[PDB]
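Visitor: Okay, here's the structure, questions in a sec.
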Amino acid sequence: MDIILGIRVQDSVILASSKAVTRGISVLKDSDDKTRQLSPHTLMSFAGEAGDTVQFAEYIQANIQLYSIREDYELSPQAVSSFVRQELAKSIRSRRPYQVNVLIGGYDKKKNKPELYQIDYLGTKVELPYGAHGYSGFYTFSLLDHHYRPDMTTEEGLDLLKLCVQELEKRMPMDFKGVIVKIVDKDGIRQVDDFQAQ
Amino acid sequence: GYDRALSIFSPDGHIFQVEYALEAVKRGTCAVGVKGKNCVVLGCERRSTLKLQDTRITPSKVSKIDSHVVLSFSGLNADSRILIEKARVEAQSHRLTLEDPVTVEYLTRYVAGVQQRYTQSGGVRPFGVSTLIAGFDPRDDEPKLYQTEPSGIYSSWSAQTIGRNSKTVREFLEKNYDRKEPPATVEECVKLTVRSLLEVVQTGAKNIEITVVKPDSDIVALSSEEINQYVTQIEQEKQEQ
Amino acid sequence: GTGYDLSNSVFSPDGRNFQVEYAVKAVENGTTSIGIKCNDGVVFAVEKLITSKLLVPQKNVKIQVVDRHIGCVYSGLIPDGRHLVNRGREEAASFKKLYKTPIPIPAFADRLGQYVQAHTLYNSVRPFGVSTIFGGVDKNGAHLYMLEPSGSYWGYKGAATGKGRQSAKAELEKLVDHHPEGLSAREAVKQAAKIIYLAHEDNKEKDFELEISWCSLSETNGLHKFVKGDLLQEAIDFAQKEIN
Amino acid sequence: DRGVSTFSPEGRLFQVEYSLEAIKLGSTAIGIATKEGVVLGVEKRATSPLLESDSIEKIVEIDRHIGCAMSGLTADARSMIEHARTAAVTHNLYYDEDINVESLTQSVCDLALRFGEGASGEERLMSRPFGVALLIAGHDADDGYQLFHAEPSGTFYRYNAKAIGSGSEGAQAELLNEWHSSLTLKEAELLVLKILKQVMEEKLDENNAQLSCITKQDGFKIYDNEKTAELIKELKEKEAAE
Amino acid sequence: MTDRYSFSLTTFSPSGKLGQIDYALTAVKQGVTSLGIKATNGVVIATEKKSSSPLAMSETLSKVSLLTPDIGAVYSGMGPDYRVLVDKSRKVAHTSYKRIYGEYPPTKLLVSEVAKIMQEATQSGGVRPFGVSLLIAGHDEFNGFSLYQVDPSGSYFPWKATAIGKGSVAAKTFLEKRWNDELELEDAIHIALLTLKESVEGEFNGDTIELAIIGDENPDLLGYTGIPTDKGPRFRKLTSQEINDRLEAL
Amino acid sequence: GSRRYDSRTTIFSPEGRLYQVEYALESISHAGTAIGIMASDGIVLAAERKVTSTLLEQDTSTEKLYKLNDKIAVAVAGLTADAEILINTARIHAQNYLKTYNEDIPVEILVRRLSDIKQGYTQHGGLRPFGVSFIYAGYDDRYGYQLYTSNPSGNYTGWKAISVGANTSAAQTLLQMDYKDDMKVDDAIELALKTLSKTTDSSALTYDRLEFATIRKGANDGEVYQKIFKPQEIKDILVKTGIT
Amino acid sequence: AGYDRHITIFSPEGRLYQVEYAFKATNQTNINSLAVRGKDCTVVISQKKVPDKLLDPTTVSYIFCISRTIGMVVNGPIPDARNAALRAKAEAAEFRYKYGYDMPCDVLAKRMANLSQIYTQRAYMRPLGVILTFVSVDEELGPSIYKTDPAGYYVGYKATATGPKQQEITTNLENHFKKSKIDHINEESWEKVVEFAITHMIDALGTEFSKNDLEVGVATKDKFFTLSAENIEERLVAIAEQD
Amino acid sequence: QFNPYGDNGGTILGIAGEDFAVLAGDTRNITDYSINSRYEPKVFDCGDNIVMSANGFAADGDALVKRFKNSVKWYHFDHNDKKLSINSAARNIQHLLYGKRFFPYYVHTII
Amino acid sequence: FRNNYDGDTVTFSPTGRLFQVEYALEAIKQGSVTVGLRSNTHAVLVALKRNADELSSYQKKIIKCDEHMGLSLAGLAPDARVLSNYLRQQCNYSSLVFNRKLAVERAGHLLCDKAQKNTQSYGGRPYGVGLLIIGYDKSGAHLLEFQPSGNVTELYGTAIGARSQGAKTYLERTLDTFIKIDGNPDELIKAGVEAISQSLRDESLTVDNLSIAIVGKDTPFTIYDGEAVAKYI
């Protein structure tokens, strides 16, 4: 599967997601952005079944934007994830289930604290300091378990991720063509356009 | 299961339920819209049949269907909610499938269509509403101002008004709006709006709410003061003569 | 108050249902038709007004068959009659499909009865503008029936409806009296031809065309068949003779 | 009350007749067919100087070889045009060719009588008849240039020229004398432009009137204001010329 | 065919009245009187068995019905409407409660259910309000004993004691005079019998009077033994005999 | 057909008004008065029980103050039964929102939904509108204490203090005359009782004829609490405010 | 306004005219019927009037065989009666199928009463202009008589009568019982119970009966059958040798 | 289990000349190793100067040809007897065929 | 009277009439005339097409249902479309399923039963068009007359519409004559045109005003218009 990493530091959430999109024997694209912005302060990365992956992401995005308009308000990260878990939990017992796994990272402007949610296609949600979907966790959790600290700075977090990505590039069989990193904090969502060598 | 044809033709070729829907609009609070050279302004009067309200929560008259388009109306409030909801959803749907937010015209054409449908469908009565839809097309700076009515008809205007005494205020606008030189400033555009509402609101600093829409999702509603200031500067224009 | 006669399933203050009654009027205003029960079957006959020389003679058949042993004839609004026979046909087909044995005349009568009665229950439908005489031979005898718009129906020895119903009834009653042992199919055919001729006096203004059919356990094998050619002429003459 | 699909003693459908009365109140629209093309013209008729006259769309394109003008309750015509466009497109998808103008028209008229509260014949769910008539003009290889008039009655007629709307009985009378089998496209244009001027309450200018045509070569096109403006001038001249 | 009556048959009149409900009530007012009294340890409901012919067997016609083993109902108004309401009530008690919580619904809720049913007949398409008023008496572990009244409007209220039908006005008065918050079941039964007597023209005996009570559990009326927690129904209809004995101490 | 008996509950008067809505409102105007006053530290809901008897059980009663959520409560004016139908769908809505977002439903959101439901019966269905007006008293972490009001038409609005039902005119004037932004719950409780005391069509205002409920955020806690006063609790507050 | 008399909605007095008028319809046939209970049987008597000579007397009846045990006589227009009968038969069969035992007379009555109650409340269904008298010798209640009307009402009787001259038949029976002090005809044979039925029928109507003026149905343990013109004649002959 | 398809063999050929065209096919129809008929025409004339053949599973072939011819008939009814051009016929058939995309006409067709 | 009994088809007048139907019938009489007649080998339909203005076309009155059957309309054009279409399907069905051409007599029964359905149910309206169906089947030539009432009759010849009575009498007279025009179509058509002109009064049948259709023994129902009918004017 694709790499979907997430880590919640002191004042933000960082999402690293591989850029490769392989179909069969050829790597069709090496610049894929496996993420959608649900609201100014909430970002969701995803990995899974070919078509469902994006379809689901865009479907959730559309709904959140609609809610935002209707109530002229931005749902809390928690709210958004509970909405997403419910969607996946429905999809699991449906005719053709959405096989998509997601990471939702957002900054709760009311609580002034960053939050990271991990939800698998079964609608299994759990909140963490750092999470990952698929095999990604197997290679990186021992590192994060080790170097993770609640008070880490956004810069320390990126350093830890870089470390993880390196272990991933070393022991993992597939070339995921590197990752795209994004920060979600009190000021919104921005992309670290320089991780190809940070 | 109820499909009684409520909107039907009469011997003179009229559809009374639609005509009556209009009568409901006449009774609604006035609403006005004027387009500048780089903006559009929406004004609406606030009733006073009962005052002791909680303005913070009491549903406002100008609504956003999206971040770049707004819609005001005159008529039954409850009816307006239904149209606004559908409009907002169609807005998000359009972005989802076309990968581009709706143009003002398109969004107007949609709302109008919804209305027209209620004029020839069984078991339902027409909307007792008329609307002003304003905003800026994506990546476009030319302002847009549209209007719709229960009949389902719609068209764009340089400035227009609907609601009680819209007759009066339209005149004001007809002899105070030069297409040659439309209000080239957000300030002078908003002023012309207030001036038109004053023709009917009869001193109502709290009875007048203005919302200014600029290109690229730049929408903002004025506060009593901001508006109050425009009124003040306008009453002086009169006395100074 | 009033208006009790505008909606179909309404009861007037005297427990009547005017729409049904109004339907009858349509029936009375129609052509005359009759049914004669003989000793081993039944005979059906009907008056066919010849509006002009343009009508292809013998072609516009009015009597209808249901299954292979039931004969139906009606007076009033023709279309309503066909509609009813259509139903009767499905009605019978279903019965034979499930029970194998073709539908017994009585059973069949009730099917039409229930269906017609049905159209007097709601105001969203109109009662049937026809009275139908029908019957045939079954497992135990021959039966003759007449169904009114009210859904009401009974078994008859002889039956008539339409413009000249009174004449017919009168004539039929004579037969009943003058043949306590029972008429024969052969006889009934002629007798019927006569009664149509007589009853045609309440319509003497227009020329008509006779039509007869019969169902006899011995003459037709229990199957409904139309009286054509010789047997027919023989009856026409038998009548034309006693019409003078 | 009374059913919406009831018959009058004179064997007419009330809702349909009344429908035609509303059409009479509608803006004037005129069509002229010629062996060089068909011209469609309409009276914009804005209700206030503040209304941007070009947002008045009473002439629309159904396909490249078919265009139409409306008159009466125009909002009612939207779905009619959607259905028309879909029919044309759909026809092309199935048959790899252009839909015949007549066929397209027939398809539209098919919607007409699909109204009522429960008429036993299918599923005609539409509380009332359409309150708008239509002038469908187009071209097809089998019957060259054609002009049709579709009414809410479901029936449609073909005309060499036809005018519907408030100034119809008058304009039609004009067309009756002005039309001949050898008119040219320009003649037709001026002609439409003229009759519109006669029946229009307003002084016809390139802002309260709109022209359009359809020609085998360039298909259906709506004349922009400048193009018409001149055609109006050319007419003023030819009229003052005697 | 097909019910084309999809619109309400009950609507607001200019004065604000809801005619059909009003008329429904009028129908109730014509109905034989029935009443209910709540004691400290039980409730009693009673009505008159207005035999519409001496040939008719009044037993084969219960105006007092059991809804659940702890709830009974009685009415005033149209018997047929009441009958179907009872069937519906008994069922809703199962479908919307016993089959979910494994226990019978508490008086107030069952009442709420019945009320809903009636309310809908006040607004659903093509129907008329029920032409009856009900007095339901029951007992549930957490609310004890209670007595409610349900009108055609679908409205309901709790009473200490009340009457409906023909002579409700008089009966209500007579009840106010004799009711207190210290009555023992018998006392109420007694008071019921008296109150009912005024409303009765002819014969007044255990064959013309139908009366039921909601009191102690009747293990003798359970039908089986072995389960301690199951002690029997609190609802018991008095026998023709049981009524007469009390009529002597009238 | 049926069309004959169809009232057409969803049409416009030539004046563009909704007959049924208007009439239903008239219905409401005869219902016991209900008041809602919003103080800086809480909200007060007060209602006058229409019609009562000595035997009426008031401990088990609740005909005007209903709990929707742990943070939202409504005061009813009009058809109790209709109200309940709505109250229930209101309650379900709150729970759905909770299950979907794991956050209590913001007051306006709930109010709007319920209002739209009413609006529906106004534009389609051929059914009669609900003869009910609600006063919504609730709290959420976005606007805190809010007071809303909805009627049969499907319209709703926010207030600092408002009344519904009988003599709303008198009531509104009295409230508008003594209401102040900086008010305190205890002040509102009093103002409420006074207003009702001066609008009642009954002799005096006794506890047996009142329902009282307050939504405060007990300082000694930090959360929102709803308190529906008991007969005894009303009898008290009634004496204290000096009405004995 | 005035339409509160065409459909089943309340009149301002709280009445349902349509139900009342339906009741009227029940007498349209101008036929009286009555039922009484024997020691172990139930009998129903009904007048049989065949005016048209062209009618086949054997196909003219208002007494039906709902089930092997239930017997139903109808007072009202034949079409509604046959409608009611069919439904009743269908209901009886289904009930057996679903529950494993014969539907009790009183139950079938209640069921039919309920169906009628519906036409009383729903506006698209008109009531049936009939009055149904069901009888049988229930396996739990014994001889049973249960009758329903267009109002949806129903109840059991010791004996009952229906028709234009119902009142006389009733008071006649009423009296005989005030006398006998029992709620049934203390007879062991149904032949005698039938004779009693026919007798008291004559006294009340003040009319003599041939063997083609009556229609008789008899319910017994496990069976309900109708008598023939000849089985009737036998009855008529016996009563004769007593007067 | 029941198999909805079968193979009646046979072969068809279609060649287009500058101002003519031919569609040939043998007249043998078989099942496995047996011959069902030595003469069962496989190529048909469908009007508007069109010849069509749907070789493969006979039942499906006939159903298509039958359905197409009937499509021609209705073409005339719906468009004033207009002739159905070969190109139009083809596009029409594409739809006829794709209509059973998930339960195909087991046939290879040429016109 | 009437006024209280003609609001819909589901109501009977006190005399037993269905005005809504009768009203429908009226729409027929108001419609342009058309005539039908047959011999023992052919069946012909002659129709007078009406025109709005002198700029409008003359509306078609003849519709082909199959190769052996067709009809002419008089009244609401749309309804003829609906009905003729339903007739086309019934033919198509008979052929596809039974490989049997639909009997003209049978086509008539279907048409009748379809019309009857709109005269007994609430909500509908009767069809407002008259139809003359001719066709050659397994029992020779045929001519049918269809009334919205649901009444369909088989005749040798007839006409419906305005002044239709003229031709109807003429035919009733020329009976013995045309019924023998076997083997000669031209003659039957001429005999047809002569019957229709017996109902003229306004104008005289022109080339783009006359419409003729024929079917028979060795003639697949075909329609002749304009120039094609010139040799008959």
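Going by the structure tokens order, chains are called A, B, ..., each with residues numbered from 1, while ligands are numbered from 1 in the order shown.
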Could you list, as a VMD selection string, every residue of chain E that has an atom within 10 Å of an atom of chain G, counting only C-alpha atoms?
Guide: chain E and resid 1 to 6 9 to 10 19 to 30 51 to 62 77 to 81 83 to 84 87 121 125 to 131
Visitor: Neighbours of region 32-42 of chain H within 7 Å (only C-alpha atoms; same-chain residues fewer than 5 positions away dropped), as number ranges by chain?
Guide: H: 25, 27, 53
Visitor: Write to file, as an mmCIF file, in the first residue's frame, the residues of the selection just made, with N, CA and C atoms.
Guide:
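Saved the output as result-v9.cif:
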```cif
data_model
loop_
_atom_site.group_PDB
_atom_site.id
_atom_site.type_symbol
_atom_site.label_atom_id
_atom_site.label_comp_id
_atom_site.auth_asym_id
_atom_site.auth_seq_id
_atom_site.Cartn_x
_atom_site.Cartn_y
_atom_site.Cartn_z
ATOM 1 N N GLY H 25 -22.420 -16.392 -46.387
ATOM 2 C CA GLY H 25 -22.334 -17.245 -45.218
ATOM 3 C C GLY H 25 -22.806 -18.614 -45.642
ATOM 4 N N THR H 27 -24.739 -22.285 -45.334
ATOM 5 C CA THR H 27 -26.078 -22.545 -44.850
ATOM 6 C C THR H 27 -26.163 -23.713 -43.868
ATOM 7 N N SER H 53 -25.886 -10.092 -40.711
ATOM 8 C CA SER H 53 -25.688 -11.456 -40.251
ATOM 9 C C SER H 53 -25.035 -11.465 -38.872
#
```
Visitor: Give the alpha helix (DSSP H) residues of region 7-245 of chain E, as DSSP finds them on the backbone, and put them as a ChimeraX atom specification.
Guide: /E:19-30,79-93,99-101,107-120,168-178,185-199,240-245
Visitor: Name the residues of region 26-212 of chain G that fall into strand (DSSP E or B) according to DSSP on the backbone, using the chain letters and numbers of this document, as a ChimeraX atom specification.
Guide: /G:33-37,41-47,55,63-65,71-75,122,131-138,142-148,154-157,159-162
Visitor: Could you list, as a PDB file with N, CA, C and O atoms, in the first residue's frame, every residue of chain F that has an atom within 7 Å of an atom of chain B, counting only C-alpha atoms?
Guide:
```pdb
ATOM      1  N   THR F  10     -53.062  23.873   1.544  1.00  0.00           N
ATOM      2  CA  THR F  10     -51.829  24.561   1.194  1.00  0.00           C
ATOM      3  C   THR F  10     -51.900  25.611   0.098  1.00  0.00           C
ATOM      4  O   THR F  10     -50.979  25.721  -0.710  1.00  0.00           O
ATOM      5  N   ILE F  11     -52.973  26.399   0.071  1.00  0.00           N
ATOM      6  CA  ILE F  11     -53.070  27.446  -0.940  1.00  0.00           C
ATOM      7  C   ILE F  11     -52.981  28.849  -0.365  1.00  0.00           C
ATOM      8  O   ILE F  11     -53.176  29.058   0.831  1.00  0.00           O
ATOM      9  N   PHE F  12     -52.669  29.800  -1.237  1.00  0.00           N
ATOM     10  CA  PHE F  12     -52.536  31.200  -0.868  1.00  0.00           C
ATOM     11  C   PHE F  12     -53.868  31.940  -0.950  1.00  0.00           C
ATOM     12  O   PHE F  12     -54.683  31.663  -1.831  1.00  0.00           O
ATOM     13  N   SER F  13     -54.085  32.890  -0.044  1.00  0.00           N
ATOM     14  CA  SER F  13     -55.297  33.699  -0.101  1.00  0.00           C
ATOM     15  C   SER F  13     -54.952  34.711  -1.187  1.00  0.00           C
ATOM     16  O   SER F  13     -53.781  34.882  -1.525  1.00  0.00           O
ATOM     17  N   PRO F  14     -55.954  35.388  -1.759  1.00  0.00           N
ATOM     18  CA  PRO F  14     -55.626  36.366  -2.803  1.00  0.00           C
ATOM     19  C   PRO F  14     -54.626  37.418  -2.296  1.00  0.00           C
ATOM     20  O   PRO F  14     -53.999  38.140  -3.083  1.00  0.00           O
ATOM     21  N   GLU F  15     -54.482  37.483  -0.971  1.00  0.00           N
ATOM     22  CA  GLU F  15     -53.578  38.419  -0.311  1.00  0.00           C
ATOM     23  C   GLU F  15     -52.206  37.785  -0.067  1.00  0.00           C
ATOM     24  O   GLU F  15     -51.342  38.378   0.572  1.00  0.00           O
ATOM     25  N   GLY F  16     -52.014  36.572  -0.572  1.00  0.00           N
ATOM     26  CA  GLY F  16     -50.742  35.896  -0.398  1.00  0.00           C
ATOM     27  C   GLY F  16     -50.517  35.379   1.007  1.00  0.00           C
ATOM     28  O   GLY F  16     -49.385  35.318   1.469  1.00  0.00           O
ATOM     29  N   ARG F  17     -51.594  35.009   1.691  1.00  0.00           N
ATOM     30  CA  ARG F  17     -51.489  34.490   3.049  1.00  0.00           C
ATOM     31  C   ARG F  17     -51.851  33.019   3.034  1.00  0.00           C
ATOM     32  O   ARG F  17     -52.495  32.545   2.100  1.00  0.00           O
ATOM     33  N   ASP F 116     -38.511  23.607   9.713  1.00  0.00           N
ATOM     34  CA  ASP F 116     -38.610  23.205   8.311  1.00  0.00           C
ATOM     35  C   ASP F 116     -39.688  22.134   8.150  1.00  0.00           C
ATOM     36  O   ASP F 116     -40.409  22.099   7.147  1.00  0.00           O
ATOM     37  N   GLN F 119     -42.795  23.936   8.053  1.00  0.00           N
ATOM     38  CA  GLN F 119     -42.879  24.612   6.767  1.00  0.00           C
ATOM     39  C   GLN F 119     -43.361  23.639   5.711  1.00  0.00           C
ATOM     40  O   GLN F 119     -44.117  24.012   4.818  1.00  0.00           O
ATOM     41  N   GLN F 123     -46.383  23.761   2.338  1.00  0.00           N
ATOM     42  CA  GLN F 123     -46.211  23.847   0.895  1.00  0.00           C
ATOM     43  C   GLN F 123     -46.649  22.627   0.109  1.00  0.00           C
ATOM     44  O   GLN F 123     -46.795  22.694  -1.120  1.00  0.00           O
ATOM     45  N   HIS F 124     -46.870  21.518   0.804  1.00  0.00           N
ATOM     46  CA  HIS F 124     -47.270  20.292   0.123  1.00  0.00           C
ATOM     47  C   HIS F 124     -47.845  19.238   1.064  1.00  0.00           C
ATOM     48  O   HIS F 124     -47.643  19.299   2.278  1.00  0.00           O
ATOM     49  N   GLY F 125     -48.562  18.274   0.493  1.00  0.00           N
ATOM     50  CA  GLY F 125     -49.112  17.202   1.299  1.00  0.00           C
ATOM     51  C   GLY F 125     -50.610  17.217   1.493  1.00  0.00           C
ATOM     52  O   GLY F 125     -51.207  16.179   1.801  1.00  0.00           O
ATOM     53  N   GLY F 126     -51.218  18.389   1.326  1.00  0.00           N
ATOM     54  CA  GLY F 126     -52.659  18.496   1.493  1.00  0.00           C
ATOM     55  C   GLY F 126     -53.129  18.200   2.909  1.00  0.00           C
ATOM     56  O   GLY F 126     -54.326  17.991   3.138  1.00  0.00           O
ATOM     57  N   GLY F 154     -43.814  27.810  10.144  1.00  0.00           N
ATOM     58  CA  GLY F 154     -42.500  27.254   9.889  1.00  0.00           C
ATOM     59  C   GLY F 154     -41.429  28.316  10.022  1.00  0.00           C
ATOM     60  O   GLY F 154     -40.264  28.131   9.633  1.00  0.00           O
ATOM     61  N   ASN F 155     -41.825  29.446  10.584  1.00  0.00           N
ATOM     62  CA  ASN F 155     -40.891  30.536  10.779  1.00  0.00           C
ATOM     63  C   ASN F 155     -40.418  30.503  12.233  1.00  0.00           C
ATOM     64  O   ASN F 155     -41.148  30.056  13.130  1.00  0.00           O
ATOM     65  N   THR F 157     -37.642  32.666  15.176  1.00  0.00           N
ATOM     66  CA  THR F 157     -36.821  33.826  15.485  1.00  0.00           C
ATOM     67  C   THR F 157     -36.273  33.778  16.906  1.00  0.00           C
ATOM     68  O   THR F 157     -36.755  33.010  17.756  1.00  0.00           O
ATOM     69  N   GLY F 158     -35.251  34.598  17.145  1.00  0.00           N
ATOM     70  CA  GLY F 158     -34.607  34.641  18.445  1.00  0.00           C
ATOM     71  C   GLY F 158     -35.094  35.802  19.280  1.00  0.00           C
ATOM     72  O   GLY F 158     -35.464  36.849  18.738  1.00  0.00           O
ATOM     73  N   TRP F 159     -35.084  35.614  20.599  1.00  0.00           N
ATOM     74  CA  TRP F 159     -35.557  36.638  21.522  1.00  0.00           C
ATOM     75  C   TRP F 159     -34.786  36.688  22.823  1.00  0.00           C
ATOM     76  O   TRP F 159     -34.035  35.761  23.149  1.00  0.00           O
ATOM     77  N   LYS F 160     -34.989  37.782  23.558  1.00  0.00           N
ATOM     78  CA  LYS F 160     -34.369  37.980  24.864  1.00  0.00           C
ATOM     79  C   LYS F 160     -35.461  37.603  25.861  1.00  0.00           C
ATOM     80  O   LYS F 160     -35.201  37.143  26.979  1.00  0.00           O
ATOM     81  N   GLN F 176     -41.466  43.988  27.532  1.00  0.00           N
ATOM     82  CA  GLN F 176     -40.695  45.011  26.837  1.00  0.00           C
ATOM     83  C   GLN F 176     -40.525  46.245  27.709  1.00  0.00           C
ATOM     84  O   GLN F 176     -39.648  47.076  27.484  1.00  0.00           O
TER      85      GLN F 176
END
```
Visitor: Quick one: which chain I residues come within 12 Å of chain E, and what is the nearest atom pair for each with the distance in Å to one decimal, counting only C-alpha atoms, rows ordered by chain and ascending number, as a Markdown table?
Guide:
```
| residue | atom | partner | partner_atom | distance |
| --- | --- | --- | --- | --- |
| I:10 | CA | E:1 | CA | 11.9 |
| I:120 | CA | E:1 | CA | 11.1 |
| I:121 | CA | E:1 | CA | 8.6 |
| I:122 | CA | E:1 | CA | 8.9 |
| I:123 | CA | E:4 | CA | 10.4 |
```
Visitor: Interatomic distance between CA of residue 30 (chain D) and CA of residue 78 (chain H)?
Guide: 28.1 Å
Visitor: Pick from C:111, C:69, C:16, C:190: nearest to residue 221 (chain C), with only C-alpha atoms counted?
Guide: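 Among C:111, C:69, C:16, C:190, it is C:69 that comes nearest to residue 221 (chain C).
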Visitor: With only C-alpha atoms as the counted atoms, please give the residues lying no more than 12 Å from residue 168 (chain A), apart from itself and same-chain residues fewer than 3 positions off, as a ChimeraX atom specification.
Guide: /A:2-5,18,135-143,161-165,171-179
Visitor: Within 8 Å of chain A, which residues of chain B come that close, and what is the closest atom pair and distance in Å for each? Count only C-alpha atoms and give it as a Markdown table.
Guide:
```
| residue | atom | partner | partner_atom | distance |
| --- | --- | --- | --- | --- |
| B:64 | CA | A:69 | CA | 7.1 |
| B:65 | CA | A:69 | CA | 7.0 |
| B:66 | CA | A:69 | CA | 6.5 |
| B:67 | CA | A:69 | CA | 7.7 |
| B:85 | CA | A:70 | CA | 7.7 |
| B:88 | CA | A:66 | CA | 7.0 |
| B:89 | CA | A:66 | CA | 6.7 |
| B:92 | CA | A:62 | CA | 6.0 |
| B:93 | CA | A:62 | CA | 7.4 |
| B:96 | CA | A:62 | CA | 6.6 |
```
Visitor: So which residues touch residue 75 (chain F) within 8 Å, counting only C-alpha atoms, skipping near sequence neighbours fewer than 6 positions away, as a PyMOL selection string?
Guide: chain F and resi 34-36+45-47+64-66+134-136
Visitor: Go ahead and dump the residues you just picked, N, CA, C and O atoms, as a short mmCIF file (atom, residue, chain, number, x, y, z; two decimals), in the first residue's frame.
Guide:
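Heads up, here's the output in result-v7.cif:
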```
data_model
loop_
_atom_site.label_atom_id
_atom_site.label_comp_id
_atom_site.auth_asym_id
_atom_site.auth_seq_id
_atom_site.Cartn_x
_atom_site.Cartn_y
_atom_site.Cartn_z
N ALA F 34 -47.49 31.08 27.46
CA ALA F 34 -46.18 30.56 27.81
C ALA F 34 -45.16 31.67 27.61
O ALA F 34 -45.23 32.44 26.65
N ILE F 35 -44.20 31.76 28.53
CA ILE F 35 -43.21 32.80 28.46
C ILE F 35 -41.79 32.28 28.58
O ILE F 35 -41.51 31.30 29.27
N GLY F 36 -40.90 32.95 27.86
CA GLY F 36 -39.50 32.61 27.88
C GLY F 36 -38.71 33.90 28.04
O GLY F 36 -38.85 34.82 27.24
N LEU F 45 -38.43 29.44 31.61
CA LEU F 45 -39.60 29.05 30.87
C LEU F 45 -40.75 28.96 31.85
O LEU F 45 -40.67 28.25 32.85
N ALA F 46 -41.82 29.70 31.57
CA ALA F 46 -43.00 29.70 32.42
C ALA F 46 -44.26 29.54 31.57
O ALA F 46 -44.40 30.18 30.53
N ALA F 47 -45.17 28.67 32.01
CA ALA F 47 -46.40 28.46 31.25
C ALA F 47 -47.63 28.33 32.15
O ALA F 47 -47.55 27.82 33.27
N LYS F 64 -47.00 21.45 29.05
CA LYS F 64 -46.41 22.57 28.34
C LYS F 64 -44.88 22.68 28.33
O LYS F 64 -44.31 23.32 27.46
N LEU F 65 -44.21 22.07 29.30
CA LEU F 65 -42.76 22.11 29.35
C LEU F 65 -42.19 20.73 29.10
O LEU F 65 -42.38 19.81 29.89
N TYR F 66 -41.52 20.60 27.97
CA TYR F 66 -40.94 19.33 27.58
C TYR F 66 -39.44 19.43 27.36
O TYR F 66 -38.93 20.43 26.85
N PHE F 134 -43.83 26.94 19.57
CA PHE F 134 -42.84 26.55 20.56
C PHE F 134 -41.95 27.70 20.99
O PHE F 134 -41.67 28.61 20.20
N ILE F 135 -41.50 27.64 22.23
CA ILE F 135 -40.54 28.60 22.74
C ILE F 135 -39.39 27.68 23.08
O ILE F 135 -39.53 26.78 23.92
N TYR F 136 -38.26 27.86 22.41
CA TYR F 136 -37.09 27.02 22.66
C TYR F 136 -36.10 27.70 23.59
O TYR F 136 -35.64 28.82 23.31
#
```
